[PDB]
Amino acid sequence: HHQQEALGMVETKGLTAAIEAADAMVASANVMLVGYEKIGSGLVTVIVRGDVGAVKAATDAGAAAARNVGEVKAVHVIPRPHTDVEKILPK
Amino acid sequence: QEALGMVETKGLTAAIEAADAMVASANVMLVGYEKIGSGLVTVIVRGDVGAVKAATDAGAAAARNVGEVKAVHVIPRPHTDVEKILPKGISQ
Amino acid sequence: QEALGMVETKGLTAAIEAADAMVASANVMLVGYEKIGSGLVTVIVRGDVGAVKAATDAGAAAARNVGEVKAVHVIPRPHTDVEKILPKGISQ
Amino acid sequence: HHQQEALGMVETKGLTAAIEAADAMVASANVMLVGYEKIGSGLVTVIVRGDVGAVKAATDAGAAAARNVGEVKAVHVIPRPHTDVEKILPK
Amino acid sequence: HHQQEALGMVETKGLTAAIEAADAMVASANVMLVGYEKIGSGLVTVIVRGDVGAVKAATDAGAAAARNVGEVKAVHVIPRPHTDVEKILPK
Amino acid sequence: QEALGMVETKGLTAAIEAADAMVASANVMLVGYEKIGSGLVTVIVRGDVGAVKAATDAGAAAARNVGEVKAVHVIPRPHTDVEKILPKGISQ
């Protein structure tokens, strides 16, 4: 249907919660895992991409699953243009 | 030469949110991200003074709904070449 | 494919203690360690669901006498290849 | 006049404050920017060099400007011998 | 006598305490220094190896000496099989 | 062989201040700096026992006026070669 493409984040304090978030996200929606990002202070960000509806569903599931394992610091969905979707991401 | 703009957050998600809003206009371009520990992440952009001021305002506005904003600042005219005043290894 | 098990501690000594107990059985194998700052260290193992459950239980049991356990979890069946779901640069 | 040569530091918590300190320092005095140093915990050190009078003037301006932007942790001027001025600095 | 071989840790907050621990450990027992490990947050782990009796004696001395210098976070001895003793250690 | 001296501070500026005072005498030489996170920086020097004792005292005295001193210690005679007892990657 070529709907809006989104970028999805679940940020946790602790890696185990982040791994669970990543697993739960690809388990629920048609999203693909972009990868992990570490910024120190135990903060780990899990990033996925896909349709906004799928990403919103994924990040909701990922956050929910991660909260049963550890601490979730941030959950957000960023709608993106169909080209250069991952351009905004850090190298 | 041209203006330098910074939005610094605690947490990466807020910083990515900030960067997304900052590069959303044509004449603003992303220099990159910087991590210094303690969860602090800085998003740096460059361009005309007006574009940068509007960018950093938009960046901070978007980021604060996601996480904590630690610093917002614009340097209208950097007194040294902007590649000297910036720390090395800025991951775009 | 096979199960994934995590024991996360604050402090390395507790994590090494955890890993020692986790690999103590034959059909459990160590993927490696992961450090993310704030003193947090994660020990990751893989194998059959039952072996991993027993491993993580043993790991957490041993580690808690040495330091603080921050997280214990088993993923029975990872929905993606376990090398994709794991962060890159896992030091064995 | 070949006066005493100094080493100047402004240490902040936060990068934005540090960048402002660096800009303000080279804007006020005849000092040149040696570079940045990161030690984690959000602590960033900006280092300049030049005459003691210039460096004292620079570090004062840099600290003052940085305090309007973020947190300043330390400000100091280290008088140095005319040779191996940057030898004391970390690699 | 081919007794049980052990792995020994002294974990400190601060490097100076860790260096003192390492020195005190090889000074007291027949243990050899494997090396240091840094995990951030000022936490440094000093690791030695040898007979359980020697390692127990070493880690006790190392911890005691380190406590006179700085903060000790953890002290532990891990008995190991005679082969792949350092296999359990991080790369 | 010869004595080992350490001054550990929170903050780099204090550590640089410490190092400046420590190398100020002829027969004291800087091994280098070490960062371990949490803002902790260690300055390490080597030389004769007396020179090192005077160096570390001077280093701590100078550093405490700039920042916090976390640790001061001298090892008169390292029981192992000083390159083994030191952590790897000491940036001079």
# chains A, B, ... in the order shown; residues from 1 in each chain; ligands from 1
call {"tool": "residues_around", "arguments": {"residues": "residue 42 (chain C)", "least_positions_apart": "6", "cutoff": "10 Å", "atoms": "only C-alpha atoms", "output": "MDAnalysis selection string"}}
result
(chainID A and resid 14:16) or (chainID C and resid 5:12 15:16 18:19 32:36 69:72 90)
call {"tool": "residues_around", "arguments": {"residues": "residue 22 (chain E)", "least_positions_apart": "6", "cutoff": "7 Å", "atoms": "only C-alpha atoms", "output": "list in words"}}
result
residues 46 and 62 of chain E; 85 of chain F
call {"tool": "residues_around", "arguments": {"residues": "residue 25 (chain A)", "least_positions_apart": "4", "cutoff": "9 Å", "atoms": "only C-alpha atoms", "output": "PDB file with N, CA and C atoms, in the first residue's frame"}}
result
ATOM      1  N   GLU A  20      15.431  -8.413  24.846  1.00  0.00           N
ATOM      2  CA  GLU A  20      14.047  -8.862  24.919  1.00  0.00           C
ATOM      3  C   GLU A  20      13.139  -7.967  24.084  1.00  0.00           C
ATOM      4  N   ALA A  21      13.424  -6.668  24.104  1.00  0.00           N
ATOM      5  CA  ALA A  21      12.662  -5.697  23.327  1.00  0.00           C
ATOM      6  C   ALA A  21      12.804  -5.968  21.834  1.00  0.00           C
ATOM      7  N   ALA A  29       5.409  -7.588  14.726  1.00  0.00           N
ATOM      8  CA  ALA A  29       5.096  -6.816  13.527  1.00  0.00           C
ATOM      9  C   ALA A  29       5.994  -7.175  12.349  1.00  0.00           C
ATOM     10  N   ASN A  30       5.727  -6.547  11.208  1.00  0.00           N
ATOM     11  CA  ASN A  30       6.505  -6.773   9.998  1.00  0.00           C
ATOM     12  C   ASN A  30       7.724  -5.861   9.937  1.00  0.00           C
ATOM     13  N   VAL A  31       8.323  -5.591  11.092  1.00  0.00           N
ATOM     14  CA  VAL A  31       9.453  -4.677  11.169  1.00  0.00           C
ATOM     15  C   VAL A  31      10.783  -5.430  11.122  1.00  0.00           C
ATOM     16  N   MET A  32      11.826  -4.781  10.609  1.00  0.00           N
ATOM     17  CA  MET A  32      13.150  -5.394  10.608  1.00  0.00           C
ATOM     18  C   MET A  32      14.090  -4.652  11.556  1.00  0.00           C
ATOM     19  N   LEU A  33      14.957  -5.413  12.215  1.00  0.00           N
ATOM     20  CA  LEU A  33      15.852  -4.875  13.233  1.00  0.00           C
ATOM     21  C   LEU A  33      17.048  -4.160  12.613  1.00  0.00           C
ATOM     22  N   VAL A  48      14.206  -0.264  15.138  1.00  0.00           N
ATOM     23  CA  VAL A  48      13.569  -1.022  14.066  1.00  0.00           C
ATOM     24  C   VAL A  48      12.984  -0.080  13.018  1.00  0.00           C
ATOM     25  N   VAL A  55       5.420  -0.425  13.019  1.00  0.00           N
ATOM     26  CA  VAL A  55       6.412   0.075  13.967  1.00  0.00           C
ATOM     27  C   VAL A  55       5.763   0.472  15.295  1.00  0.00           C
ATOM     28  N   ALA A  57       3.042  -0.801  16.499  1.00  0.00           N
ATOM     29  CA  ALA A  57       2.674  -2.070  17.114  1.00  0.00           C
ATOM     30  C   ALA A  57       3.898  -2.768  17.695  1.00  0.00           C
ATOM     31  N   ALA A  58       5.011  -2.691  16.971  1.00  0.00           N
ATOM     32  CA  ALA A  58       6.250  -3.333  17.395  1.00  0.00           C
ATOM     33  C   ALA A  58       6.804  -2.697  18.667  1.00  0.00           C
ATOM     34  N   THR A  59       6.979  -1.379  18.637  1.00  0.00           N
ATOM     35  CA  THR A  59       7.546  -0.647  19.767  1.00  0.00           C
ATOM     36  C   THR A  59       6.699  -0.787  21.027  1.00  0.00           C
ATOM     37  N   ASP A  60       5.388  -0.920  20.848  1.00  0.00           N
ATOM     38  CA  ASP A  60       4.485  -1.129  21.973  1.00  0.00           C
ATOM     39  C   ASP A  60       4.723  -2.496  22.603  1.00  0.00           C
ATOM     40  N   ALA A  61       4.883  -3.505  21.755  1.00  0.00           N
ATOM     41  CA  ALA A  61       5.143  -4.863  22.216  1.00  0.00           C
ATOM     42  C   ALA A  61       6.537  -4.979  22.827  1.00  0.00           C
ATOM     43  N   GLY A  62       7.519  -4.376  22.164  1.00  0.00           N
ATOM     44  CA  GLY A  62       8.896  -4.421  22.621  1.00  0.00           C
ATOM     45  C   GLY A  62       9.084  -3.767  23.976  1.00  0.00           C
ATOM     46  N   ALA A  63       8.450  -2.614  24.161  1.00  0.00           N
ATOM     47  CA  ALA A  63       8.508  -1.900  25.429  1.00  0.00           C
ATOM     48  C   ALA A  63       7.837  -2.699  26.538  1.00  0.00           C
ATOM     49  N   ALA A  65       7.314  -5.970  26.709  1.00  0.00           N
ATOM     50  CA  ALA A  65       8.098  -7.157  27.029  1.00  0.00           C
ATOM     51  C   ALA A  65       9.345  -6.800  27.833  1.00  0.00           C
TER      52      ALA A  65
END
call {"tool": "select_by_dssp", "arguments": {"residues": "region 6-87 of chain F", "states": "strand (DSSP E or B)", "output": "PDB file with N, CA, C and O atoms, in the first residue's frame"}}
result
ATOM      1  N   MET F   6      51.192   6.967  42.298  1.00  0.00           N
ATOM      2  CA  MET F   6      49.893   7.245  41.699  1.00  0.00           C
ATOM      3  C   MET F   6      49.148   8.391  42.373  1.00  0.00           C
ATOM      4  O   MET F   6      49.046   8.452  43.600  1.00  0.00           O
ATOM      5  N   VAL F   7      48.635   9.302  41.555  1.00  0.00           N
ATOM      6  CA  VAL F   7      47.683  10.302  42.017  1.00  0.00           C
ATOM      7  C   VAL F   7      46.412  10.182  41.184  1.00  0.00           C
ATOM      8  O   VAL F   7      46.435  10.384  39.970  1.00  0.00           O
ATOM      9  N   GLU F   8      45.309   9.845  41.841  1.00  0.00           N
ATOM     10  CA  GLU F   8      44.041   9.645  41.156  1.00  0.00           C
ATOM     11  C   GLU F   8      43.040  10.731  41.528  1.00  0.00           C
ATOM     12  O   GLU F   8      42.783  10.979  42.706  1.00  0.00           O
ATOM     13  N   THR F   9      42.478  11.378  40.513  1.00  0.00           N
ATOM     14  CA  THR F   9      41.547  12.480  40.725  1.00  0.00           C
ATOM     15  C   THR F   9      40.220  12.241  40.021  1.00  0.00           C
ATOM     16  O   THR F   9      40.123  11.397  39.128  1.00  0.00           O
ATOM     17  N   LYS F  10      39.197  12.986  40.424  1.00  0.00           N
ATOM     18  CA  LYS F  10      37.984  13.065  39.630  1.00  0.00           C
ATOM     19  C   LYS F  10      38.033  14.351  38.820  1.00  0.00           C
ATOM     20  O   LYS F  10      38.022  15.447  39.379  1.00  0.00           O
ATOM     21  N   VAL F  28      62.115  12.291  38.133  1.00  0.00           N
ATOM     22  CA  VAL F  28      60.781  11.703  38.097  1.00  0.00           C
ATOM     23  C   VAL F  28      60.303  11.690  36.652  1.00  0.00           C
ATOM     24  O   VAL F  28      60.392  12.708  35.965  1.00  0.00           O
ATOM     25  N   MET F  29      59.816  10.551  36.170  1.00  0.00           N
ATOM     26  CA  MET F  29      59.289  10.520  34.808  1.00  0.00           C
ATOM     27  C   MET F  29      57.879   9.938  34.713  1.00  0.00           C
ATOM     28  O   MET F  29      57.533   8.949  35.367  1.00  0.00           O
ATOM     29  N   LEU F  30      57.079  10.589  33.876  1.00  0.00           N
ATOM     30  CA  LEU F  30      55.678  10.263  33.674  1.00  0.00           C
ATOM     31  C   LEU F  30      55.481   8.978  32.877  1.00  0.00           C
ATOM     32  O   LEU F  30      55.943   8.860  31.743  1.00  0.00           O
ATOM     33  N   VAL F  31      54.794   8.013  33.479  1.00  0.00           N
ATOM     34  CA  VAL F  31      54.421   6.799  32.767  1.00  0.00           C
ATOM     35  C   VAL F  31      53.227   7.110  31.866  1.00  0.00           C
ATOM     36  O   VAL F  31      53.185   6.694  30.707  1.00  0.00           O
ATOM     37  N   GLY F  32      52.267   7.860  32.400  1.00  0.00           N
ATOM     38  CA  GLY F  32      51.134   8.313  31.615  1.00  0.00           C
ATOM     39  C   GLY F  32      49.831   8.430  32.383  1.00  0.00           C
ATOM     40  O   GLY F  32      49.799   8.305  33.607  1.00  0.00           O
ATOM     41  N   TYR F  33      48.748   8.677  31.651  1.00  0.00           N
ATOM     42  CA  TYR F  33      47.422   8.814  32.244  1.00  0.00           C
ATOM     43  C   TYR F  33      46.598   7.543  32.079  1.00  0.00           C
ATOM     44  O   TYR F  33      46.832   6.756  31.163  1.00  0.00           O
ATOM     45  N   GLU F  34      45.623   7.358  32.964  1.00  0.00           N
ATOM     46  CA  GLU F  34      44.683   6.254  32.845  1.00  0.00           C
ATOM     47  C   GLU F  34      43.276   6.699  33.227  1.00  0.00           C
ATOM     48  O   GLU F  34      43.062   7.265  34.300  1.00  0.00           O
ATOM     49  N   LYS F  35      42.324   6.450  32.336  1.00  0.00           N
ATOM     50  CA  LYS F  35      40.927   6.748  32.614  1.00  0.00           C
ATOM     51  C   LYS F  35      40.138   5.450  32.761  1.00  0.00           C
ATOM     52  O   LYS F  35      40.285   4.531  31.956  1.00  0.00           O
ATOM     53  N   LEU F  40      37.143   9.328  36.838  1.00  0.00           N
ATOM     54  CA  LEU F  40      38.384   9.012  37.537  1.00  0.00           C
ATOM     55  C   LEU F  40      39.585   8.939  36.599  1.00  0.00           C
ATOM     56  O   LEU F  40      39.582   8.184  35.627  1.00  0.00           O
ATOM     57  N   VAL F  41      40.610   9.733  36.900  1.00  0.00           N
ATOM     58  CA  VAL F  41      41.837   9.749  36.111  1.00  0.00           C
ATOM     59  C   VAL F  41      43.057   9.527  37.004  1.00  0.00           C
ATOM     60  O   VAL F  41      43.211  10.185  38.033  1.00  0.00           O
ATOM     61  N   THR F  42      43.925   8.601  36.605  1.00  0.00           N
ATOM     62  CA  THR F  42      45.117   8.290  37.385  1.00  0.00           C
ATOM     63  C   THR F  42      46.393   8.733  36.678  1.00  0.00           C
ATOM     64  O   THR F  42      46.613   8.411  35.510  1.00  0.00           O
ATOM     65  N   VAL F  43      47.232   9.473  37.394  1.00  0.00           N
ATOM     66  CA  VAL F  43      48.538   9.861  36.881  1.00  0.00           C
ATOM     67  C   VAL F  43      49.614   8.975  37.501  1.00  0.00           C
ATOM     68  O   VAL F  43      49.714   8.870  38.724  1.00  0.00           O
ATOM     69  N   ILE F  44      50.416   8.338  36.653  1.00  0.00           N
ATOM     70  CA  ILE F  44      51.408   7.376  37.119  1.00  0.00           C
ATOM     71  C   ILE F  44      52.830   7.804  36.773  1.00  0.00           C
ATOM     72  O   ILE F  44      53.132   8.121  35.622  1.00  0.00           O
ATOM     73  N   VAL F  45      53.699   7.811  37.780  1.00  0.00           N
ATOM     74  CA  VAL F  45      55.103   8.152  37.583  1.00  0.00           C
ATOM     75  C   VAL F  45      56.021   7.067  38.137  1.00  0.00           C
ATOM     76  O   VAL F  45      55.591   6.214  38.911  1.00  0.00           O
ATOM     77  N   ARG F  46      57.287   7.108  37.740  1.00  0.00           N
ATOM     78  CA  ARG F  46      58.261   6.133  38.215  1.00  0.00           C
ATOM     79  C   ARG F  46      59.617   6.777  38.478  1.00  0.00           C
ATOM     80  O   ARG F  46      59.930   7.839  37.940  1.00  0.00           O
ATOM     81  N   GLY F  47      60.418   6.122  39.311  1.00  0.00           N
ATOM     82  CA  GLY F  47      61.731   6.626  39.671  1.00  0.00           C
ATOM     83  C   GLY F  47      62.161   6.139  41.039  1.00  0.00           C
ATOM     84  O   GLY F  47      61.590   5.186  41.568  1.00  0.00           O
ATOM     85  N   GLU F  68      38.931  17.097  43.064  1.00  0.00           N
ATOM     86  CA  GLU F  68      38.960  16.144  44.166  1.00  0.00           C
ATOM     87  C   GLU F  68      40.024  15.074  43.973  1.00  0.00           C
ATOM     88  O   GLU F  68      40.136  14.478  42.901  1.00  0.00           O
ATOM     89  N   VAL F  69      40.803  14.834  45.021  1.00  0.00           N
ATOM     90  CA  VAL F  69      41.760  13.740  45.022  1.00  0.00           C
ATOM     91  C   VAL F  69      41.075  12.481  45.534  1.00  0.00           C
ATOM     92  O   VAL F  69      40.507  12.475  46.628  1.00  0.00           O
ATOM     93  N   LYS F  70      41.117  11.418  44.739  1.00  0.00           N
ATOM     94  CA  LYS F  70      40.442  10.176  45.094  1.00  0.00           C
ATOM     95  C   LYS F  70      41.388   9.153  45.710  1.00  0.00           C
ATOM     96  O   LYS F  70      40.977   8.333  46.530  1.00  0.00           O
ATOM     97  N   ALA F  71      42.653   9.201  45.307  1.00  0.00           N
ATOM     98  CA  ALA F  71      43.649   8.263  45.810  1.00  0.00           C
ATOM     99  C   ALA F  71      45.066   8.790  45.616  1.00  0.00           C
ATOM    100  O   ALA F  71      45.385   9.391  44.588  1.00  0.00           O
ATOM    101  N   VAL F  72      45.904   8.585  46.629  1.00  0.00           N
ATOM    102  CA  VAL F  72      47.335   8.865  46.539  1.00  0.00           C
ATOM    103  C   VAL F  72      48.096   7.686  47.123  1.00  0.00           C
ATOM    104  O   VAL F  72      47.849   7.293  48.262  1.00  0.00           O
ATOM    105  N   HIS F  73      49.023   7.123  46.357  1.00  0.00           N
ATOM    106  CA  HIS F  73      49.781   5.983  46.848  1.00  0.00           C
ATOM    107  C   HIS F  73      51.121   5.807  46.152  1.00  0.00           C
ATOM    108  O   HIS F  73      51.258   6.069  44.956  1.00  0.00           O
ATOM    109  N   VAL F  74      52.103   5.351  46.920  1.00  0.00           N
ATOM    110  CA  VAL F  74      53.410   5.009  46.388  1.00  0.00           C
ATOM    111  C   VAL F  74      53.719   3.544  46.665  1.00  0.00           C
ATOM    112  O   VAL F  74      53.554   3.069  47.787  1.00  0.00           O
ATOM    113  N   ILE F  75      54.152   2.826  45.636  1.00  0.00           N
ATOM    114  CA  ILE F  75      54.663   1.476  45.827  1.00  0.00           C
ATOM    115  C   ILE F  75      56.180   1.520  45.724  1.00  0.00           C
ATOM    116  O   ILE F  75      56.723   1.563  44.620  1.00  0.00           O
TER     117      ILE F  75
END
call {"tool": "interface_residues", "arguments": {"of": "chain F", "to": "chain B", "cutoff": "12 Å", "atoms": "only C-alpha atoms", "output": "compact mmCIF listing (two decimals) with N, CA and C atoms, in the first residue's frame"}}
result
# COMPACT_ATOMS: atom_id res chain seq x y z
N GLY F 37 36.64 5.64 33.82
CA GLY F 37 35.24 6.02 33.90
C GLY F 37 34.89 6.65 35.23
N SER F 38 33.65 7.09 35.36
CA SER F 38 33.16 7.80 36.54
C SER F 38 33.99 9.05 36.84
N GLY F 39 34.63 9.59 35.80
CA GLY F 39 35.44 10.79 35.93
C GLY F 39 36.80 10.58 36.56
call {"tool": "residues_around", "arguments": {"residues": "residue 3 (chain A)", "least_positions_apart": "4", "cutoff": "9 Å", "atoms": "only C-alpha atoms", "output": "number ranges by chain"}}
result
A: 51-53, 82
call {"tool": "write_last_selection", "arguments": {"atoms": "N, CA and C atoms", "output": "compact mmCIF listing (two decimals), in the first residue's frame"}}
result
# COMPACT_ATOMS: atom_id res chain seq x y z
N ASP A 51 6.54 0.05 8.32
CA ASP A 51 5.37 0.90 8.24
C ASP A 51 5.05 1.47 9.62
N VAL A 52 4.46 2.66 9.66
CA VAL A 52 4.15 3.33 10.92
C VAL A 52 3.27 2.47 11.81
N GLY A 53 2.23 1.89 11.22
CA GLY A 53 1.34 1.00 11.95
C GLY A 53 2.07 -0.20 12.52
N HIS A 82 10.14 8.25 2.60
CA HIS A 82 10.39 6.93 2.01
C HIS A 82 11.84 6.70 1.57
call {"tool": "interface_residues", "arguments": {"of": "chain A", "to": "chain D", "cutoff": "12 Å", "atoms": "only C-alpha atoms", "output": "list in words"}}
result
residues 39, 40, 41 and 42 of chain A
call {"tool": "write_last_selection", "arguments": {"atoms": "N, CA, C and O atoms", "output": "short mmCIF file (atom, residue, chain, number, x, y, z; two decimals), in the first residue's frame"}}
result
data_model
loop_
_atom_site.label_atom_id
_atom_site.label_comp_id
_atom_site.auth_asym_id
_atom_site.auth_seq_id
_atom_site.Cartn_x
_atom_site.Cartn_y
_atom_site.Cartn_z
N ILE A 39 25.31 4.12 24.51
CA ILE A 39 25.78 5.48 24.78
C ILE A 39 26.35 5.59 26.19
O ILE A 39 26.55 6.69 26.70
N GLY A 40 26.62 4.44 26.80
CA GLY A 40 27.13 4.41 28.16
C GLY A 40 26.01 4.62 29.16
O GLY A 40 24.85 4.78 28.77
N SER A 41 26.36 4.61 30.45
CA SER A 41 25.40 4.75 31.54
C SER A 41 24.34 3.65 31.52
O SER A 41 23.24 3.82 32.04
N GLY A 42 24.69 2.52 30.92
CA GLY A 42 23.80 1.37 30.85
C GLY A 42 22.65 1.54 29.87
O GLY A 42 21.77 0.68 29.79
#
call {"tool": "interface_residues", "arguments": {"of": "chain D", "to": "chain F", "cutoff": "8 Å", "atoms": "only C-alpha atoms", "output": "PDB file with C-alpha atoms, in the first residue's frame"}}
result
ATOM      1  CA  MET D   9      41.648  24.339  30.780  1.00  0.00           C
ATOM      2  CA  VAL D  10      37.895  24.654  30.971  1.00  0.00           C
ATOM      3  CA  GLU D  11      36.226  21.441  32.107  1.00  0.00           C
ATOM      4  CA  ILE D  39      36.989  11.084  30.265  1.00  0.00           C
ATOM      5  CA  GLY D  40      33.416   9.827  30.465  1.00  0.00           C
ATOM      6  CA  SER D  41      30.757  10.839  33.008  1.00  0.00           C
ATOM      7  CA  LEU D  43      33.110  15.469  31.555  1.00  0.00           C
ATOM      8  CA  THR D  45      37.997  19.354  28.976  1.00  0.00           C
ATOM      9  CA  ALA D  74      36.805  23.159  36.649  1.00  0.00           C
ATOM     10  CA  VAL D  75      38.791  26.162  35.412  1.00  0.00           C
ATOM     11  CA  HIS D  76      42.576  26.392  35.706  1.00  0.00           C
ATOM     12  CA  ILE D  78      48.990  26.011  34.249  1.00  0.00           C
ATOM     13  CA  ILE D  88      52.317  17.176  30.030  1.00  0.00           C
ATOM     14  CA  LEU D  89      49.098  16.587  28.068  1.00  0.00           C
ATOM     15  CA  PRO D  90      47.624  13.071  27.618  1.00  0.00           C
ATOM     16  CA  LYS D  91      48.124  11.306  24.279  1.00  0.00           C
TER      17      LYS D  91
END
call {"tool": "select_by_dssp", "arguments": {"residues": "region 7-43 of chain C", "states": "alpha helix (DSSP H)", "output": "PyMOL selection string"}}
result
chain C and resi 12-22
call {"tool": "residues_around", "arguments": {"residues": "residue 79 (chain C)", "least_positions_apart": "5", "cutoff": "8 Å", "atoms": "only C-alpha atoms", "output": "ChimeraX atom specification"}}
result
/A:23,26-27 /C:1
call {"tool": "atom_distance", "arguments": {"atom1": "CA of residue 38 (chain D)", "atom2": "CA of residue 89 (chain B)"}}
result
11.9 Å
call {"tool": "atom_distance", "arguments": {"atom1": "CA of residue 18 (chain E)", "atom2": "CA of residue 68 (chain E)"}}
result
11.3 Å
